[PDB]
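Asks: Once you've had a glance at the structure underneath, I'll fire off some questions.
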Amino acid sequence: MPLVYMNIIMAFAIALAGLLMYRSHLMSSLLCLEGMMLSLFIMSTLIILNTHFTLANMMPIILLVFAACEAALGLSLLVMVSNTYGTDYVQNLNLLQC
Amino acid sequence: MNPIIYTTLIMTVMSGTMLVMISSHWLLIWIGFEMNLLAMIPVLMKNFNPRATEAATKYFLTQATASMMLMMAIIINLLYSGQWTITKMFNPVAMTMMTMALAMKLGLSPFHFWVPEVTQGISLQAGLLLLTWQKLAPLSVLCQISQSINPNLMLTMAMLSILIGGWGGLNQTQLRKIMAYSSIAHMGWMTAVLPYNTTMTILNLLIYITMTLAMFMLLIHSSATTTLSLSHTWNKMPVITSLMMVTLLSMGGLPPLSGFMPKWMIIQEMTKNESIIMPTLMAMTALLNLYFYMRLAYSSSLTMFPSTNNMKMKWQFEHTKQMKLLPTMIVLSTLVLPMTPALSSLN
Amino acid sequence: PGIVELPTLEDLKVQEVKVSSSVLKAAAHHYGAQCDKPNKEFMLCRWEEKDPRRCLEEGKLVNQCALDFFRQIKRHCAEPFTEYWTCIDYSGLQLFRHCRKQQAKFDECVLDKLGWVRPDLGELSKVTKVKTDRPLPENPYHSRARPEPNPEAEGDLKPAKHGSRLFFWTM
Amino acid sequence: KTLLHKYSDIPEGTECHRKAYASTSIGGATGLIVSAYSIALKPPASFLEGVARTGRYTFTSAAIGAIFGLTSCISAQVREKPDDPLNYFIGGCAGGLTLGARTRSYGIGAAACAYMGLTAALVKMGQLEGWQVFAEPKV
Amino acid sequence: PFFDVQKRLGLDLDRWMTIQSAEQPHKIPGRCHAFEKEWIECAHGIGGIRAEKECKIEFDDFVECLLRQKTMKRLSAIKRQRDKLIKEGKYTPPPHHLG
Amino acid sequence: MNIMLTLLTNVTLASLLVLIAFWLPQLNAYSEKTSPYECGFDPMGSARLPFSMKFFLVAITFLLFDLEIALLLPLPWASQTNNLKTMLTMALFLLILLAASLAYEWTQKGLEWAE
Amino acid sequence: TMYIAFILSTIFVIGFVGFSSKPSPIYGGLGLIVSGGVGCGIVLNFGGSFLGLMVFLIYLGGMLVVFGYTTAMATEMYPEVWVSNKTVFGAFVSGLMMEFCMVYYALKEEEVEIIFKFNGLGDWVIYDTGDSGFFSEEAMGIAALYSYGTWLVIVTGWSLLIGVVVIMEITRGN
Amino acid sequence: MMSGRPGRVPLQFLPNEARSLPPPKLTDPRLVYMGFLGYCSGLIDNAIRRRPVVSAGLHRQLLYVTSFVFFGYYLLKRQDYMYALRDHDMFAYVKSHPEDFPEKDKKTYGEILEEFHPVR
């Protein structure tokens with residue numbers, strides 16, 4: 001495969017690693033989720049334009065809108081957590097251990 | 001929540017699941033998962049306490065990560081085949097990505113950590129929905145792509161699910177966490193036979209959903225979420241605790257009850273494939289689930305724990321609401337073993 | 001595997017139609033009117049054969065027909081045609097609507113000196129038919145033989161012999 | 001699989017150094033995986049504490065592998081019995097004894113001797129008789 | 001689909017975007033239209049198990065069309081072997097390849 | 001590529017204007033000069049002042065409306081289809097759903113800047 | 001000028017390393033929008049004009065914008081900086097060097113096999129040779145959403161309305 | 001196994017070729033057990049609802065019984081048709097592939113040498 005595809009898939013892998021390896025902030029993890037979506041968008045767009053799958057041109061639009069809906073949902077969850085604890089720190093989300 | 005809004009959100013959850021099960025196109029399957037999650041998040045936060053908020057947040061994080069991995073698997077499959085139809089995956093690493101994503105959505109063992117916490121953090125109705133309806137879509141996708149799964153990966157995850165569900169549930173005094181670990185073990189049982197016979201997976205799923213519905217409805221009827229609170233139920237409604245005991249015995253797979261049917265059929269189908277060590281391991285491991293089921297039965301029906309003085313007040317009162325289909329769910333979860341050959345209807 | 005067979009360089013030689021896009025556009029309507037036979041014949045070959053190498057001589061005839069069309073324009077009013085395609089050439093979108101005066105005296109040439117009526121709106125977009133001598137390609141896709149299908153189901157349904165035969169069950 | 005292939009293709013009761021090295025490699029790899037999961041889910045208080053835990057787990061598992069390989073291969077070549085599950089049983093019990101030494105507890109050592117010896121004997125039996133742990137679907 | 005509601009009700013809910021050889025707007029062709037068509041016409045109605053072996057050539061040609069991996073290898077070989085002979089002063093590219 | 005040259009020129013000239021703007025004047029700075037401006041006194045940092053769920057809700061509702069707008073942008077080319085009745089039905093469907101989202105936010109408090 | 005998509009993709013991956021090393025979320029968002037801009041450029045070089053402008057208008061000017069707006073409200077008392085942690089530097093440096101090593105290997109070998117097989121013979125090489133006529137094939141494919149994609153419009157619009165209802169359910173806070 | 005079977009039309013509980021089999025008898029033991037399951041459901045419904053378990057709501061217990069029998073009859077038909085299909089395909093496959101199912105050459109125990117193992 002051409003090397004642009006290599007770098008796009010590499011970007012997805014880096015976003016996945018950044019999301020799986022957490023830090024204190026929730027917003028950083030949500031931004032990693034967004035990067036994963038953006039890399040998926042670009043990979044889909046490259047594949048669809050290159051093979052001239054014309055009806056599949058609309059698929060990146062659908063992916064973008066649905067992932068942005070999920071991002072809105074995650075932002076609302078972060079805001080609720082912050083209103084509970086004053087911060088978006090994931091270490092405060094540990095009271096379900098017991 | 002508004003009753004109309006809650007009904008709409010429930011319907012949207014079921015419609016996302018149905019979109020997953022009726023689509024031939026991977027994009028629409030992904031859409032169905034997205035819709036299911038979007039509508040599911042508010043029903044988790046229905047009570048709105050910090051436990052509910054944390055349960056919803058952990059659920060959202062795991063499900064969104066799984067959905068992104070699933071989309072990446074779809075995109076790799078399209079990159080190598082140009083195919084959107086849900087069928088065998090044409091790429092092995094895309095298949096691995098998809099299998100891991102579906103297992104994380106299901107909550108199999110290496111991705112099981114969210115199930116106990118989320119189940120504990122939400123209400124019993126939310127947990128009932130979580131542990132019954134949310135298993136349908138990923139399992140249906142798995143049954144559709146079963147001919148291309150790596151049997152080693154799937155069987156590893158299923159065996160780990162059985163082991164961890166057995167061990168994790170041993171330490172629990174919370175009924176919701178016990179339900180979650182039982183669910184992990186039963187998901188492992190479902191996914192072990194998936195490479196060999198998807199009809200066995202459907203059968204086991206139906207039996208498990210019947211038992212889980214019966215048990216969760218008995219818990220809601222009892223208003224008990226801890227083992228000690230359930231230990232008071234005999235002094236209020238002993239019929240509920242005796243029915244719960246027979247249901248727990250069914251969950252343990254004790255003959256001649258309905259819970260023995262999926263294990264027996266799966267062991268038979270596995271031995272048909274020269275699989276003998278794994279079924280023996282699985283049947284032996286399920287004794288842990290049966291052990292903590294028997295602990296619950298001891299504390300609930302087979303013995304009588306101390307009650308409280310304030311329980312005399314509750315004696316003069318009936319239930320405002322009645323659980324729907326609970327008698328049917330109880331009979332189905334205990335008494336259906338003579339009807340086993342009807343499983344061919346699922347073919 | 002296999003050698004992609006290619007035409008030689010002199011199998012590909014032709015008298016080029018070396019006029020620009022504005023010259024081509026100015027004569028395009030009368031070109032479609034006057035050069036339909038070999039043009040439609042070559043387009044038929046190209047869609048029927050799905051092969052550039054199978055339709056080279058038809059394209060070579062396309063070129064010759066265009067060439068003679070332009071030589072017929074040249075000898076009667078090369079000058080009104082020149083003015084018309086110059087005016088077409090000025091605008092950056094090569095629009096017809098800005099050159100109707102020049103198209104007018106180009107069109108009333110070819111009528112009087114050559115007989116060429118200009119096609120009406122929609123005529124040039126019609127699907128027409130061509131009476132070709134070339135045989136219809138048999139396997140334009142170079143398809144392999146298709147796999148033999150799984151045998152169908154015949155016979156009448158009889159009840160399961162001794163039932164399900166699942167373990168101890170008798171029905 | 002190449003880690004297991006290099007152990008499997010060398011015959012039993014021959015080249016005991018190579019077989020010991022292969023079993024040591026398997027032990028070290030497995031201990032590295034268990035250390036990774038332990039560090040992930042039960043994190044230490046410092047980087048050095050985690051390094052110490054990783055090294056402890058890794059050496060325990062690698063020593064179990066090396067001891068199992070040495071005892072199994074040597075008891076095979078000494079008795080001229082490379083198809084006998086008894087050499088693998090002795091290997092498993094010696095691995096249990098070194099695990100008991102690593103945890104420095106006789107009870108763990110004895111229980112592990114029994115369990116790992118029986119497990120290794122079963123593994124030898126499955127190798128000889130073609131038992132499948134993950135059987136590929138056929139019917 | 002797990003429940004083929006579309007084929008029971010005759011509805012086309014998502015089958016229209018499922019392949020690139022399906023009907024396209026303005027009849028714009030897919031890049032691998034013929035390759036996909038040939039593979040689909042080979043593999044039709046014989047099951048996936050049979051289609052995986054008995055339609056291997058069509059699917060290989062399709063995959064080459066989609067990701068021109070072997071074409072890219074051959075082009076890369078020609079390029080790097082050309083350079084392998086520029087350095088030694090062996091091969092002079094001709095006028096129509098330089099301008 | 002002409003557009004790339006244009007962007008390069010715009011960015012370069014803006015940064016050059018920064019450099020002249022932010023290095024040419026003669027400076028003499030002390031502590032009380034650069035103190036944060038609070039109308040003659042010192043500001044309180046307090047603790048995370050930019051709060052209130054309404055600022056976040058307007059952002060989220062703008063996000064969802066912007067997604068539906070993304071769905072509406074292909075409309076100028078959508079009117080060029082022969083199947084115009086289906087296209088009109090779907091475009092009007094999307095716009096009714098936009099209106100329904102606006103109405104549901106409106107009636108359920110939503111767009112209000114409450115007490 | 002000969003290679004444009006490769007610099008764009010390398011910068012894309014660099015920005016991904018930058019924001020996925022997770023500095024304070026405002027710098028993570030800055031890295032994300034830089035990555036989004038260079039990716040919009042990438043798909044512009046492939047003929048995806050509408051799709052790249054969608055990236056811009058809705059991702060960078062919508063979704064992001066909202067992200068930075070929400071970070072500007074739920075942050076730290078001293079909103080953190082990239083430098084403040086050695087972990088950020090270590091993650092960014094490791095990602096940058098794993099980018100450099102693999103791009104060098106692919107450029108000078110053209111047969112790397114990191115999970116997938118890759119050949120950096122170019123990026124123009126895979127483009128096909130043909131005319132698209134008097135329309136943009138991308139725009140015709142996307143405008144088919146209203147004629148071919150009736151089901152897609154139905155489910156997406158329902159999901160967006162449900163999203164509004166869902167956000168208003170969750171954020172009520174009672 | 002049976003998912004991709006040819007002619008298998010979607011969402012069809014009994015296909016029309018099932019009408020060639022004998023329908024289950026009305027006193028079928030499995031159907032009677034279906035009715036018994038319904039009766040137990042009615043009794044348990046009385047128990048949970050805190051009504052006299054045997055004599056309360058005879059219409060409700062009766063409806064439990066008849067609805068259970070009603071579903072059981074169609075379940076029995078579908079099960080029997082699936083098993084008939086299974087046997088049909090098995091016999092067709094054995095017929096079409098005689099080489100995979102050879103005619104085994106039968107021999108008597110007078111010519112077959114079985115090993116005797118003493119118990120002693």
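In the structure tokens, each chain is lettered A, B, ... as it comes, each chain's residues begin at 1, and ligands are numbered from 1 in order of appearance.
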Dump as an MDAnalysis selection string the residues of chain H that approach chain C to within 10 Å, counting only C-alpha atoms.

Replies: chainID H and resid 5:7 17:22 28:30 79:89 92:93 96

Asks: With only C-alpha atoms counted and 10 Å as the cut-off, give the residues of region 36-87 of chain F in contact with region 97-102 of chain F, each with its shortest interatomic distance in Å and the pair that gives it, as JSON lines.

Replies:
{"residue": "F:61", "atom": "CA", "partner": "F:102", "partner_atom": "CA", "distance": 9.1}
{"residue": "F:64", "atom": "CA", "partner": "F:101", "partner_atom": "CA", "distance": 9.3}
{"residue": "F:65", "atom": "CA", "partner": "F:98", "partner_atom": "CA", "distance": 7.3}
{"residue": "F:68", "atom": "CA", "partner": "F:98", "partner_atom": "CA", "distance": 7.2}
{"residue": "F:69", "atom": "CA", "partner": "F:98", "partner_atom": "CA", "distance": 9.0}

Asks: Please dump the current selection as a compact mmCIF listing (two decimals), in the first residue's frame; keep C-alpha atoms.

Replies:
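The resulting file, out_12.txt, is shown below:
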# COMPACT_ATOMS: atom_id res chain seq x y z
CA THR F 61 -26.76 22.58 20.59
CA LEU F 64 -25.75 19.27 16.73
CA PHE F 65 -27.29 21.99 14.54
CA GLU F 68 -27.49 18.81 10.52
CA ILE F 69 -26.17 21.76 8.48

Asks: Need the shell around region 59-63 of chain D: protein/DNA/RNA residues with any atom at most 6 Å away, counting only C-alpha atoms. Skip same-chain ones fewer than 2 positions apart. Format as a ChimeraX atom specification?

Replies: /D:24,27-28,31,55-57,65-67

Asks: Limited to N, CA and C atoms, could you put the picked residues into a file as a tab-separated table (two decimals), in the first residue's frame?

Replies:
chain	number	residue	atom	x	y	z
D	24	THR	N	13.45	-21.82	29.44
D	24	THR	CA	13.75	-20.57	30.13
D	24	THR	C	13.17	-19.38	29.39
D	27	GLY	N	9.43	-19.34	29.98
D	27	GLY	CA	9.18	-18.87	31.32
D	27	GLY	C	9.35	-17.37	31.46
D	28	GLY	N	10.45	-16.85	30.92
D	28	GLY	CA	10.68	-15.42	30.98
D	28	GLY	C	9.62	-14.61	30.26
D	31	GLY	N	6.40	-14.74	32.37
D	31	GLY	CA	6.57	-13.86	33.51
D	31	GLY	C	6.54	-12.40	33.14
D	55	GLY	N	11.16	-7.80	37.58
D	55	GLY	CA	12.29	-8.71	37.63
D	55	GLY	C	12.03	-9.92	38.51
D	56	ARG	N	11.34	-9.71	39.63
D	56	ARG	CA	10.99	-10.81	40.52
D	56	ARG	C	10.10	-11.83	39.81
D	57	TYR	N	9.01	-11.36	39.21
D	57	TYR	CA	8.12	-12.26	38.48
D	57	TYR	C	8.85	-12.96	37.34
D	65	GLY	N	10.89	-22.30	34.26
D	65	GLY	CA	11.09	-22.86	32.93
D	65	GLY	C	12.40	-23.59	32.79
D	66	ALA	N	13.49	-22.97	33.26
D	66	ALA	CA	14.81	-23.59	33.15
D	66	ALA	C	14.88	-24.89	33.94
D	67	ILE	N	14.31	-24.90	35.15
D	67	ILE	CA	14.35	-26.10	35.98
D	67	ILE	C	13.50	-27.20	35.36

Asks: Using only C-alpha atoms, determine which residues lie at most 8 Å from region 25-38 of chain A, disregarding the query and same-chain residues fewer than 6 positions distant; provide the list as a ChimeraX atom specification.

Replies: /A:11-12,15-16,18-19,64,67,71,74-75,78,88-90 /B:65,68 /G:16,19-20,22-25,28-29,32,36,71

Asks: Store the residues of this selection in a file with N, CA and C atoms, as a PDB file, in the first residue's frame.

Replies:
ATOM      1  N   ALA A  11      -1.407   7.071  12.345  1.00  0.00           N
ATOM      2  CA  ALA A  11      -2.098   8.065  13.153  1.00  0.00           C
ATOM      3  C   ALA A  11      -3.221   7.428  13.956  1.00  0.00           C
ATOM      4  N   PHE A  12      -3.973   6.512  13.341  1.00  0.00           N
ATOM      5  CA  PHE A  12      -5.006   5.820  14.109  1.00  0.00           C
ATOM      6  C   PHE A  12      -4.399   5.038  15.266  1.00  0.00           C
ATOM      7  N   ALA A  15      -3.421   7.443  18.028  1.00  0.00           N
ATOM      8  CA  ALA A  15      -4.595   7.913  18.759  1.00  0.00           C
ATOM      9  C   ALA A  15      -5.147   6.826  19.676  1.00  0.00           C
ATOM     10  N   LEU A  16      -5.154   5.575  19.210  1.00  0.00           N
ATOM     11  CA  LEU A  16      -5.618   4.470  20.044  1.00  0.00           C
ATOM     12  C   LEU A  16      -4.734   4.298  21.271  1.00  0.00           C
ATOM     13  N   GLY A  18      -2.819   6.616  22.656  1.00  0.00           N
ATOM     14  CA  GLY A  18      -3.019   7.770  23.512  1.00  0.00           C
ATOM     15  C   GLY A  18      -4.308   7.704  24.302  1.00  0.00           C
ATOM     16  N   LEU A  19      -5.356   7.127  23.715  1.00  0.00           N
ATOM     17  CA  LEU A  19      -6.606   6.970  24.445  1.00  0.00           C
ATOM     18  C   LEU A  19      -6.504   5.870  25.495  1.00  0.00           C
ATOM     19  N   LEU A  64     -18.628  11.234  10.202  1.00  0.00           N
ATOM     20  CA  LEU A  64     -18.342  12.483  10.896  1.00  0.00           C
ATOM     21  C   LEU A  64     -19.505  12.914  11.779  1.00  0.00           C
ATOM     22  N   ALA A  67     -19.953  10.411  14.820  1.00  0.00           N
ATOM     23  CA  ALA A  67     -18.888  10.537  15.802  1.00  0.00           C
ATOM     24  C   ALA A  67     -18.972  11.865  16.540  1.00  0.00           C
ATOM     25  N   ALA A  71     -19.304  12.563  20.464  1.00  0.00           N
ATOM     26  CA  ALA A  71     -18.447  13.525  21.146  1.00  0.00           C
ATOM     27  C   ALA A  71     -19.265  14.485  21.999  1.00  0.00           C
ATOM     28  N   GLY A  74     -20.155  12.576  25.106  1.00  0.00           N
ATOM     29  CA  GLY A  74     -19.018  12.485  26.007  1.00  0.00           C
ATOM     30  C   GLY A  74     -18.698  13.802  26.690  1.00  0.00           C
ATOM     31  N   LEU A  75     -18.857  14.914  25.969  1.00  0.00           N
ATOM     32  CA  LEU A  75     -18.645  16.225  26.569  1.00  0.00           C
ATOM     33  C   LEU A  75     -19.646  16.483  27.685  1.00  0.00           C
ATOM     34  N   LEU A  78     -18.521  14.501  30.679  1.00  0.00           N
ATOM     35  CA  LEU A  78     -17.405  15.181  31.329  1.00  0.00           C
ATOM     36  C   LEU A  78     -17.890  16.359  32.160  1.00  0.00           C
ATOM     37  N   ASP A  88     -12.159  17.281  35.881  1.00  0.00           N
ATOM     38  CA  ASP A  88     -12.473  16.152  35.018  1.00  0.00           C
ATOM     39  C   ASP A  88     -11.496  15.000  35.230  1.00  0.00           C
ATOM     40  N   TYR A  89     -10.920  14.909  36.426  1.00  0.00           N
ATOM     41  CA  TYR A  89      -9.887  13.916  36.682  1.00  0.00           C
ATOM     42  C   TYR A  89     -10.509  12.533  36.813  1.00  0.00           C
ATOM     43  N   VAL A  90      -9.949  11.560  36.088  1.00  0.00           N
ATOM     44  CA  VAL A  90     -10.523  10.221  36.070  1.00  0.00           C
ATOM     45  C   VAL A  90     -10.320   9.492  37.391  1.00  0.00           C
TER      46      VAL A  90
ATOM     47  N   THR B  65     -14.792   3.430  22.597  1.00  0.00           N
ATOM     48  CA  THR B  65     -13.517   2.882  22.147  1.00  0.00           C
ATOM     49  C   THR B  65     -13.738   1.648  21.278  1.00  0.00           C
ATOM     50  N   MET B  68     -15.041   2.746  17.801  1.00  0.00           N
ATOM     51  CA  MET B  68     -13.972   3.242  16.942  1.00  0.00           C
ATOM     52  C   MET B  68     -13.103   2.108  16.408  1.00  0.00           C
TER      53      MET B  68
ATOM     54  N   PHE G  16      -0.631  14.063  15.498  1.00  0.00           N
ATOM     55  CA  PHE G  16      -1.268  13.001  16.274  1.00  0.00           C
ATOM     56  C   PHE G  16      -0.418  12.609  17.475  1.00  0.00           C
ATOM     57  N   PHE G  19      -0.759  15.547  20.151  1.00  0.00           N
ATOM     58  CA  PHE G  19      -1.940  15.658  21.003  1.00  0.00           C
ATOM     59  C   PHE G  19      -2.254  14.358  21.731  1.00  0.00           C
ATOM     60  N   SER G  20      -1.775  13.220  21.230  1.00  0.00           N
ATOM     61  CA  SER G  20      -2.013  11.948  21.893  1.00  0.00           C
ATOM     62  C   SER G  20      -1.009  11.664  22.998  1.00  0.00           C
ATOM     63  N   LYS G  22      -0.829  13.837  25.095  1.00  0.00           N
ATOM     64  CA  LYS G  22      -1.729  14.477  26.046  1.00  0.00           C
ATOM     65  C   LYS G  22      -1.035  15.500  26.934  1.00  0.00           C
ATOM     66  N   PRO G  23      -0.649  16.656  26.383  1.00  0.00           N
ATOM     67  CA  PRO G  23      -0.405  17.831  27.227  1.00  0.00           C
ATOM     68  C   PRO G  23      -1.729  18.390  27.721  1.00  0.00           C
ATOM     69  N   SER G  24      -1.717  19.576  28.324  1.00  0.00           N
ATOM     70  CA  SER G  24      -2.966  20.204  28.721  1.00  0.00           C
ATOM     71  C   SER G  24      -3.911  20.287  27.524  1.00  0.00           C
ATOM     72  N   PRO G  25      -5.211  20.085  27.746  1.00  0.00           N
ATOM     73  CA  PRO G  25      -6.122  19.853  26.613  1.00  0.00           C
ATOM     74  C   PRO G  25      -6.196  20.992  25.612  1.00  0.00           C
ATOM     75  N   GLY G  28      -3.453  20.046  23.306  1.00  0.00           N
ATOM     76  CA  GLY G  28      -3.929  18.869  22.596  1.00  0.00           C
ATOM     77  C   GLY G  28      -4.924  19.226  21.508  1.00  0.00           C
ATOM     78  N   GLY G  29      -5.829  20.158  21.803  1.00  0.00           N
ATOM     79  CA  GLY G  29      -6.748  20.633  20.786  1.00  0.00           C
ATOM     80  C   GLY G  29      -6.057  21.389  19.670  1.00  0.00           C
ATOM     81  N   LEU G  32      -4.672  18.787  17.528  1.00  0.00           N
ATOM     82  CA  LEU G  32      -5.743  18.129  16.789  1.00  0.00           C
ATOM     83  C   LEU G  32      -6.207  18.971  15.608  1.00  0.00           C
ATOM     84  N   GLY G  36      -6.021  18.117  11.739  1.00  0.00           N
ATOM     85  CA  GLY G  36      -7.202  18.193  10.899  1.00  0.00           C
ATOM     86  C   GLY G  36      -7.008  19.066   9.678  1.00  0.00           C
ATOM     87  N   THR G  71     -13.058  23.128  27.113  1.00  0.00           N
ATOM     88  CA  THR G  71     -11.813  23.081  27.872  1.00  0.00           C
ATOM     89  C   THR G  71     -11.553  24.392  28.600  1.00  0.00           C
TER      90      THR G  71
END

Asks: Compile a residue-level contact table for chain B against chain E at a cut-off of 9 Å, reporting for every qualifying residue the shortest atom pair and its distance in Å to one decimal, with only C-alpha atoms counted, rows ordered by chain and ascending number, as a tab-separated table.

Replies:
residue	atom	partner	partner_atom	distance
B:18	CA	E:3	CA	8.7
B:20	CA	E:2	CA	8.4
B:21	CA	E:2	CA	5.0
B:22	CA	E:3	CA	4.9
B:23	CA	E:1	CA	5.1
B:24	CA	E:1	CA	4.7
B:25	CA	E:14	CA	6.0
B:26	CA	E:18	CA	8.6
B:27	CA	E:14	CA	8.9
B:28	CA	E:14	CA	7.4
B:79	CA	E:67	CA	7.8
B:80	CA	E:63	CA	6.6
B:81	CA	E:63	CA	6.4
B:82	CA	E:19	CA	7.2
B:83	CA	E:19	CA	6.0
B:84	CA	E:18	CA	4.9
B:85	CA	E:18	CA	5.6
B:86	CA	E:1	CA	7.2
B:87	CA	E:48	CA	8.9
B:88	CA	E:48	CA	8.2
B:140	CA	E:2	CA	6.4
B:141	CA	E:2	CA	7.7
B:143	CA	E:2	CA	8.1
B:144	CA	E:2	CA	6.6

Asks: Next, write the just-selected residues to a file, as an mmCIF file, in the first residue's frame, keeping N, CA and C atoms as the atom set.

Replies:
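Saved to selection_1.cif:
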data_model
loop_
_atom_site.group_PDB
_atom_site.id
_atom_site.type_symbol
_atom_site.label_atom_id
_atom_site.label_comp_id
_atom_site.auth_asym_id
_atom_site.auth_seq_id
_atom_site.Cartn_x
_atom_site.Cartn_y
_atom_site.Cartn_z
ATOM 1 N N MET B 18 -31.910 -3.495 16.607
ATOM 2 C CA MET B 18 -32.552 -4.038 15.415
ATOM 3 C C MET B 18 -31.831 -3.604 14.144
ATOM 4 N N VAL B 20 -28.665 -3.094 13.958
ATOM 5 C CA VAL B 20 -27.531 -4.010 13.916
ATOM 6 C C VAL B 20 -27.938 -5.355 13.330
ATOM 7 N N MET B 21 -29.091 -5.891 13.740
ATOM 8 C CA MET B 21 -29.468 -7.241 13.324
ATOM 9 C C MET B 21 -30.111 -7.340 11.940
ATOM 10 N N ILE B 22 -30.562 -6.245 11.335
ATOM 11 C CA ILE B 22 -31.232 -6.317 10.039
ATOM 12 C C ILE B 22 -30.399 -5.759 8.897
ATOM 13 N N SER B 23 -29.224 -5.204 9.162
ATOM 14 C CA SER B 23 -28.439 -4.576 8.113
ATOM 15 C C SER B 23 -27.486 -5.571 7.465
ATOM 16 N N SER B 24 -27.356 -5.461 6.144
ATOM 17 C CA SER B 24 -26.328 -6.168 5.397
ATOM 18 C C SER B 24 -25.079 -5.327 5.179
ATOM 19 N N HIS B 25 -25.091 -4.070 5.605
ATOM 20 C CA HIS B 25 -24.037 -3.108 5.318
ATOM 21 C C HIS B 25 -23.319 -2.762 6.616
ATOM 22 N N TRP B 26 -21.985 -2.745 6.574
ATOM 23 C CA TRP B 26 -21.211 -2.512 7.789
ATOM 24 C C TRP B 26 -21.443 -1.117 8.352
ATOM 25 N N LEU B 27 -21.608 -0.119 7.481
ATOM 26 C CA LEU B 27 -21.864 1.236 7.952
ATOM 27 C C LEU B 27 -23.162 1.302 8.745
ATOM 28 N N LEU B 28 -24.201 0.598 8.290
ATOM 29 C CA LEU B 28 -25.469 0.607 9.012
ATOM 30 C C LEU B 28 -25.370 -0.153 10.330
ATOM 31 N N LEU B 79 -10.589 -1.600 2.637
ATOM 32 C CA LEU B 79 -9.336 -1.259 1.976
ATOM 33 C C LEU B 79 -8.790 -2.436 1.175
ATOM 34 N N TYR B 80 -9.088 -3.659 1.607
ATOM 35 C CA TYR B 80 -8.533 -4.862 1.002
ATOM 36 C C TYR B 80 -9.541 -5.642 0.165
ATOM 37 N N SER B 81 -10.826 -5.302 0.234
ATOM 38 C CA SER B 81 -11.819 -6.025 -0.552
ATOM 39 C C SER B 81 -12.780 -5.093 -1.277
ATOM 40 N N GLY B 82 -12.890 -3.848 -0.820
ATOM 41 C CA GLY B 82 -13.910 -2.973 -1.360
ATOM 42 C C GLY B 82 -15.316 -3.403 -1.024
ATOM 43 N N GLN B 83 -15.483 -4.193 0.031
ATOM 44 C CA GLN B 83 -16.755 -4.811 0.373
ATOM 45 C C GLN B 83 -17.330 -4.167 1.626
ATOM 46 N N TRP B 84 -18.607 -3.802 1.560
ATOM 47 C CA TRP B 84 -19.346 -3.310 2.713
ATOM 48 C C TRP B 84 -20.290 -4.348 3.304
ATOM 49 N N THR B 85 -20.526 -5.453 2.604
ATOM 50 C CA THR B 85 -21.475 -6.457 3.065
ATOM 51 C C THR B 85 -20.923 -7.194 4.278
ATOM 52 N N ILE B 86 -21.755 -7.363 5.307
ATOM 53 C CA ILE B 86 -21.325 -8.139 6.465
ATOM 54 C C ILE B 86 -21.288 -9.610 6.075
ATOM 55 N N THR B 87 -20.084 -10.161 6.023
ATOM 56 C CA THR B 87 -19.830 -11.497 5.512
ATOM 57 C C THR B 87 -18.476 -11.842 6.130
ATOM 58 N N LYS B 88 -17.790 -12.884 5.675
ATOM 59 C CA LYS B 88 -16.435 -13.152 6.130
ATOM 60 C C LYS B 88 -15.563 -11.926 5.892
ATOM 61 N N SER B 140 -25.044 -11.128 17.618
ATOM 62 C CA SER B 140 -25.564 -11.330 16.271
ATOM 63 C C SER B 140 -24.504 -11.035 15.219
ATOM 64 N N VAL B 141 -23.722 -9.970 15.413
ATOM 65 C CA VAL B 141 -22.616 -9.699 14.495
ATOM 66 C C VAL B 141 -21.621 -10.855 14.510
ATOM 67 N N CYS B 143 -22.155 -14.021 15.283
ATOM 68 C CA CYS B 143 -22.755 -15.147 14.582
ATOM 69 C C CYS B 143 -22.735 -14.956 13.073
ATOM 70 N N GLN B 144 -22.847 -13.716 12.597
ATOM 71 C CA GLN B 144 -22.741 -13.459 11.166
ATOM 72 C C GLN B 144 -21.324 -13.613 10.627
#

Asks: With chain G as the partner and 7 Å as the cut-off, tabulate the residues of chain E that qualify, each row holding the nearest pair of atoms and their distance in Å to one decimal, using only C-alpha atoms, sorted by chain and rising number, as a Markdown table.

Replies:
| residue | atom | partner | partner_atom | distance |
| --- | --- | --- | --- | --- |
| E:13 | CA | G:151 | CA | 5.8 |
| E:25 | CA | G:140 | CA | 6.6 |
| E:72 | CA | G:121 | CA | 6.9 |
| E:76 | CA | G:121 | CA | 5.9 |
